[PDB]
$ cat protein.pdb   # PDB, C-alpha atoms
ATOM      1  CA  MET A   1     105.493 108.059 108.161  1.00  0.00           C
ATOM      2  CA  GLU A   2     103.457 108.274 104.925  1.00  0.00           C
ATOM      3  CA  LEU A   3     105.307 107.344 101.713  1.00  0.00           C
ATOM      4  CA  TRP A   4     103.175 105.850  98.914  1.00  0.00           C
ATOM      5  CA  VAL A   5     104.707 105.116  95.479  1.00  0.00           C
ATOM      6  CA  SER A   6     103.319 104.851  91.909  1.00  0.00           C
ATOM      7  CA  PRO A   7     103.859 101.840  89.569  1.00  0.00           C
ATOM      8  CA  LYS A   8     105.781 104.060  87.109  1.00  0.00           C
ATOM      9  CA  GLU A   9     108.191 104.837  89.985  1.00  0.00           C
ATOM     10  CA  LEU A  10     108.615 101.138  90.859  1.00  0.00           C
ATOM     11  CA  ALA A  11     109.531 100.357  87.229  1.00  0.00           C
ATOM     12  CA  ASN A  12     113.176 101.126  88.220  1.00  0.00           C
ATOM     13  CA  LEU A  13     113.941  99.216  91.457  1.00  0.00           C
ATOM     14  CA  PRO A  14     116.125  96.072  91.025  1.00  0.00           C
ATOM     15  CA  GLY A  15     113.928  93.569  92.925  1.00  0.00           C
ATOM     16  CA  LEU A  16     111.021  94.902  90.816  1.00  0.00           C
ATOM     17  CA  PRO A  17     111.017  94.654  86.976  1.00  0.00           C
ATOM     18  CA  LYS A  18     111.948  97.783  84.955  1.00  0.00           C
ATOM     19  CA  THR A  19     108.387  98.152  83.572  1.00  0.00           C
ATOM     20  CA  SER A  20     105.240  98.927  85.592  1.00  0.00           C
ATOM     21  CA  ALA A  21     103.569  96.222  83.475  1.00  0.00           C
ATOM     22  CA  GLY A  22     105.612  93.655  85.426  1.00  0.00           C
ATOM     23  CA  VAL A  23     105.088  95.432  88.768  1.00  0.00           C
ATOM     24  CA  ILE A  24     101.286  95.639  88.466  1.00  0.00           C
ATOM     25  CA  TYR A  25     101.193  92.050  87.158  1.00  0.00           C
ATOM     26  CA  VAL A  26     103.385  90.961  90.089  1.00  0.00           C
ATOM     27  CA  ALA A  27     101.322  93.194  92.404  1.00  0.00           C
ATOM     28  CA  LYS A  28      98.617  90.523  92.141  1.00  0.00           C
ATOM     29  CA  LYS A  29     101.151  87.917  93.320  1.00  0.00           C
ATOM     30  CA  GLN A  30     100.854  89.768  96.660  1.00  0.00           C
ATOM     31  CA  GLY A  31      98.563  92.832  96.565  1.00  0.00           C
ATOM     32  CA  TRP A  32     100.565  95.426  98.541  1.00  0.00           C
ATOM     33  CA  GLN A  33      98.109  97.788 100.279  1.00  0.00           C
ATOM     34  CA  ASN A  34      97.505 100.067  97.253  1.00  0.00           C
ATOM     35  CA  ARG A  35      95.405 103.196  97.932  1.00  0.00           C
ATOM     36  CA  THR A  36      93.313 104.306  94.921  1.00  0.00           C
ATOM     37  CA  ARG A  37      92.662 108.011  94.211  1.00  0.00           C
ATOM     38  CA  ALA A  38      90.342 108.742  91.262  1.00  0.00           C
ATOM     39  CA  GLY A  39      91.032 112.495  91.647  1.00  0.00           C
ATOM     40  CA  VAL A  40      94.531 112.958  90.149  1.00  0.00           C
ATOM     41  CA  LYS A  41      94.542 112.101  86.424  1.00  0.00           C
ATOM     42  CA  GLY A  42      91.105 110.570  85.747  1.00  0.00           C
ATOM     43  CA  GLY A  43      90.708 106.773  85.929  1.00  0.00           C
ATOM     44  CA  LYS A  44      91.341 105.371  89.433  1.00  0.00           C
ATOM     45  CA  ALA A  45      95.075 105.910  90.062  1.00  0.00           C
ATOM     46  CA  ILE A  46      96.807 102.966  91.795  1.00  0.00           C
ATOM     47  CA  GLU A  47      99.494 103.530  94.472  1.00  0.00           C
ATOM     48  CA  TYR A  48     101.764 101.347  96.669  1.00  0.00           C
ATOM     49  CA  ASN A  49     102.555 101.825 100.378  1.00  0.00           C
ATOM     50  CA  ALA A  50     106.360 101.879 100.777  1.00  0.00           C
ATOM     51  CA  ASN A  51     105.859 100.082 104.115  1.00  0.00           C
ATOM     52  CA  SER A  52     104.121  97.272 102.183  1.00  0.00           C
ATOM     53  CA  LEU A  53     106.955  96.895  99.636  1.00  0.00           C
ATOM     54  CA  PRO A  54     109.563  94.212 100.529  1.00  0.00           C
ATOM     55  CA  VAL A  55     113.022  95.310 101.761  1.00  0.00           C
ATOM     56  CA  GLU A  56     114.816  95.052  98.398  1.00  0.00           C
ATOM     57  CA  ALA A  57     112.354  97.579  96.928  1.00  0.00           C
ATOM     58  CA  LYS A  58     112.164  99.706 100.095  1.00  0.00           C
ATOM     59  CA  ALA A  59     115.929 100.210 100.520  1.00  0.00           C
ATOM     60  CA  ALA A  60     116.100 100.843  96.755  1.00  0.00           C
ATOM     61  CA  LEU A  61     113.142 103.243  97.028  1.00  0.00           C
ATOM     62  CA  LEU A  62     114.647 105.461  99.757  1.00  0.00           C
ATOM     63  CA  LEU A  63     117.689 105.505  97.446  1.00  0.00           C
ATOM     64  CA  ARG A  64     115.944 107.117  94.446  1.00  0.00           C
ATOM     65  CA  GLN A  65     114.128 109.390  96.943  1.00  0.00           C
ATOM     66  CA  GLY A  66     117.183 111.669  97.267  1.00  0.00           C
ATOM     67  CA  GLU A  67     115.705 115.103  96.471  1.00  0.00           C
ATOM     68  CA  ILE A  68     112.169 114.367  95.207  1.00  0.00           C
ATOM     69  CA  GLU A  69     110.566 117.687  94.166  1.00  0.00           C
ATOM     70  CA  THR A  70     110.017 121.061  95.909  1.00  0.00           C
ATOM     71  CA  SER A  71     108.903 121.351  99.566  1.00  0.00           C
ATOM     72  CA  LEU A  72     112.424 120.760 100.965  1.00  0.00           C
ATOM     73  CA  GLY A  73     113.984 122.864  98.179  1.00  0.00           C
ATOM     74  CA  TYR A  74     115.964 124.384 101.077  1.00  0.00           C
ATOM     75  CA  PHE A  75     117.998 121.133 101.198  1.00  0.00           C
ATOM     76  CA  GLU A  76     116.734 121.057 104.808  1.00  0.00           C
TER
END

$ encode --input "protein.pdb" --output "structure tokens"
Amino acid sequence: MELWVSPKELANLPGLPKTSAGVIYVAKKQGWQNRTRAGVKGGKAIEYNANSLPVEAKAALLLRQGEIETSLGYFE
């Protein structure tokens, strides 16, 4: 299953600090498989594979995933 996450979205999980500045800085302490995509905003956008995040951030991630955006607007 594909489920990448952005630093700004990690700035809210408990295990991870509340500011992307701490996540990206801590990202070097490990280097979770981050896929870059210089085609969204304009400056190499960093991402994080949810499968690469530990369990404390994963479980917390799926938590704030309740209703993301459109697509499943039909509440499934």

$ residues_around --input "protein.pdb" --residues "range 26-33 of chain A" --least-positions-apart "6" --cutoff "10 Å" --atoms "only C-alpha atoms" --output "MDAnalysis selection string"
chainID A and resid 4 7 16:17 20 47:54

$ atom_distance --input "protein.pdb" --atom1 "CA of residue 59 in chain A" --atom2 "CA of residue 19 in chain A"
18.7 Å

$ resolve_selection --input "protein.pdb" --expression "the PyMOL selection byres ((chain A and resi 15) around 6)" --output "count of residues only"
5

$ atom_distance --input "protein.pdb" --atom1 "CA of residue 60 in chain A" --atom2 "CA of residue 37 in chain A"
24.6 Å

$ closest_residue --input "protein.pdb" --among "A:12, A:3, A:18, A:64" --to "residue 35 in chain A" --atoms "all atoms listed in the file"
A:3

$ closest_residue --input "protein.pdb" --among "A:23, A:38, A:46, A:68" --to "residue 6 in chain A" --atoms "all atoms listed in the file"
A:46

$ closest_residue --input "protein.pdb" --among "A:10, A:43, A:2, A:34" --to "residue 58 in chain A" --atoms "only C-alpha atoms"
A:10

$ atom_distance --input "protein.pdb" --atom1 "CA of residue 11 in chain A" --atom2 "CA of residue 42 in chain A"
21.1 Å
